[PDB]
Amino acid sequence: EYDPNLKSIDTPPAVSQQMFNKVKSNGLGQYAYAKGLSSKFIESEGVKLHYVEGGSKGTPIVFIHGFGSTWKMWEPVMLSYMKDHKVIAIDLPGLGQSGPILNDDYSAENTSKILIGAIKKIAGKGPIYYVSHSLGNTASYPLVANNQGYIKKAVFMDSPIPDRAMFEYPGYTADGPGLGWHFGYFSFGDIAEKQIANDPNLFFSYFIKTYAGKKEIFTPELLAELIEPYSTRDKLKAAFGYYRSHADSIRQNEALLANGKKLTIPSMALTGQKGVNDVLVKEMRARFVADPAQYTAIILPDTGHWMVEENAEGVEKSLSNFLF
């Protein structure tokens, strides 16, 4: 929730860059994976994807991060599940250590095409469970909707799936900046890319803390680890490509919804009370589920947008109860 008293940092960009360098050179943040996990790369449709996996036996679980995150956001859950499950977290095209989509088509259909080809190779013949967060929800709906069966169950976390309401979210509210404003700023030419690349730490420290419920978790070192992956123009260009492509993704998802392809597999909207809250919950119920008997909605209390950082226990309990 917007906090009018939150201060932005005044760290000089040069000092922040030293922090980012230290993260990479010391193999921290997105480059750090715990015992049991392996970092790999795979080519899909000419795009080199980075992923991390663990486990072997048991229904595979594929985790797709979003904006401000990489695969790394899933590490605690992956470690928790790897004893019983193959666990796979993939960096979204262009983000983390995955290469960019060079024709700039970051629409839901294109990213879904890229992801599914990789998933089929890494996860195998299935079925699998599919867990998505933030921009993962933008990248993934066609993938999930067109692969029900191979996807046995699916979870979308906090952020809305692109639909007609994305043309409606307000830029401003009685509480200050609204859900809609970043969809505009991030698709406003290359301005966000250029402005944020000048001082990624400044923008993201404020941005990340703003949507956190538990702000104290986000120490400067943790913030550096989180922001390093988004510290260059190429990574910001890729991230904001998702936003430029939203009108496309909306048209694509609206077509799926109208042309049969609602969800007939069990699905869950899992959100943070202090994050995006009830938007995804209402959205999926009203528009995305064929039978509400298969739909679970859970809003974690006192939890912001960064759900695994702030409430890994709540995320894990919700996923376990729903998936297994």
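We number the residues from 1 along the sequence you see.
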Report the stretch with the higher mean CA temperature factor, choosing between 197-205 and 152-160 on the basis of the entry. 152-160
Which of 282-290 and 22-30 has higher mean CA B factor, as the PDB entry lists it: 282-290
In this PDB entry, which of 64, 276, 258, 270 has the top CA B-factor? 258
Peak C-alpha temperature factor (PDB record), options 221, 168, 75, 216: 216
For residue 310, does the deposited CA B-factor place it in the lowest, middle or highest third of the chain? lowest
Divide the modelled residues of the chain into thirds by Cα B-factor and specify which third, lowest, middle or highest, holds residue 128. highest
Give the position of residue 60 by CA B-factor within its chain, expressed as the lowest, middle or highest third. middle
Within-chain third of residue 70 by Cα B-factor, per the entry: middle
By its CA B factor, does residue 231 count among the lowest, middle or highest third of the modelled residues in the chain? lowest
